[PDB]
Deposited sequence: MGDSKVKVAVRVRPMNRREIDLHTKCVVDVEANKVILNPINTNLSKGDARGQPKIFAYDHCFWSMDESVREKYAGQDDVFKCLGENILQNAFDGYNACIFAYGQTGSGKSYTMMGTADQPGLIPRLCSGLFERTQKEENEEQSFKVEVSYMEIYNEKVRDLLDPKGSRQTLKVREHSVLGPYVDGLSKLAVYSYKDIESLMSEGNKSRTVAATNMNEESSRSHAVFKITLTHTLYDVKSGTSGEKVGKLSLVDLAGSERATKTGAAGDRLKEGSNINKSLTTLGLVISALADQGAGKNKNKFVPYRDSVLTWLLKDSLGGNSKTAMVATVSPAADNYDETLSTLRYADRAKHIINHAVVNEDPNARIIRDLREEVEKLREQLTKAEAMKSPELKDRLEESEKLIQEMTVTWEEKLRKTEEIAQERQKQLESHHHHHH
């Protein structure tokens, strides 16, 4: 049904890079990222490398106004389509990918000063449900917020704070799920903000003494939007469910602390190959890690998915940037199979009524 949408975001030079006048090797021109060489005297390897994507966000300098992508520009190019996907009854996923320090969290959650995709999405969601609820349609919103570290799943909304690990299980009806994960109804922005906030503090309390290892953890924020449509002249109603998954991955740079990230690289490569008609018979190793298992639908399954690859423009990060740019490039060839999530009984009934009519007129003979 659709291809994975890919955006790249170039963060500003950090404070060390400004002190040192570190050179910028990343240029953005419309939807092209140009990775310029570090070693300017080479006949290959010292040439610019040019990549094309669905979206490019140059976020290097607030001053350059004809070029700079702030937080709301990201939201208007990526967030709004994803919110519309959920309101249409599709599962939708945005995940941020890139080396530690390149801007994954700033993009997904942002700061109190510069809220990112998740709080903007939350606000717009409740704005829209408030404006569209009436006697033909109602809405229910649920939230889950989990962390994956060292292949163990924790509930960031846990009431206790034991930080105990949750089993991941397969279910013929639900699919892969986290057995025990809180799923909480929310009724306004402020409900979902208080959950966002408790989960973010549990991400940061998990990072107090283990700062190097908090760059190795994945965070998944999940909104379930249940749209009820009332067929008022037939006295019936039905549900369409869209699930919004906002994913803040572990740092992509160089025991099984990285099993999920590695497995994700494999999953992306296999799905990209398959989109280009290679290795069509090779099964995708979703099952080999907790993260790719839990998010199997988001990549090559029943989901409308966008990737925000985040990169440093600094010469010192060239190799990690190239690799991020290459994965994003592969990712834009992944074919997804998003369908509207409504009850199958209605289609079964329509088909059966059609078969009844076919039989009835066959009987006329």
Show which contiguous pieces of the deposited sequence have no C-alpha coordinates, counting from residue 1.
1 to 2, 45 to 47, 260 to 273, 385 to 437
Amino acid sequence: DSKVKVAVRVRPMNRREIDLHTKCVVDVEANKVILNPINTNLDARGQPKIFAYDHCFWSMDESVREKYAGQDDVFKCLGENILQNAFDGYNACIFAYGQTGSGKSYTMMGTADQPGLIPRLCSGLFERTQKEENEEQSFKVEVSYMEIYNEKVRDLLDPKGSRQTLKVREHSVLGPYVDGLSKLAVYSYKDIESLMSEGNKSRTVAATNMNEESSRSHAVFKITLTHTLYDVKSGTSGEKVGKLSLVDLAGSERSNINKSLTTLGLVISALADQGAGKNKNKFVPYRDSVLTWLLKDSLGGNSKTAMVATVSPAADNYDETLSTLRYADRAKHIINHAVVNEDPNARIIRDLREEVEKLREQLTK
From here on, numbers count along this sequence of modelled residues.
Higher of the two mean Cα B-factors (236 to 244, 202 to 210; per PDB record) comes from 202 to 210
Using the B-factors recorded in the PDB entry, average over the C-alpha atoms of 353 to 361 and of 12 to 20, then report which stretch comes out higher.
353 to 361
Looking at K304, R326, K67, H55, which has the highest Cα B-factor in the entry?
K67
Checking the record values for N36, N39, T321, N336, which has the greatest CA B factor?
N39
Considering every modelled residue of the chain and its Cα B-factor in the PDB entry, is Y177 in the lowest, middle or highest third?
middle
The third of the chain into which the C-alpha temperature factor of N317 falls is the lowest
Can you tell me whether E147 has a C-alpha B-factor in the lowest, middle or highest third compared with the other modelled residues of the same chain?
lowest
Sorting by Cα B-factor within the chain, modelled residues only, which third would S59 end up in: lowest, middle or highest?
middle
Quick check for you: using the entry's CA B-factors within this chain, is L157 in the lowest, middle or highest third?
middle
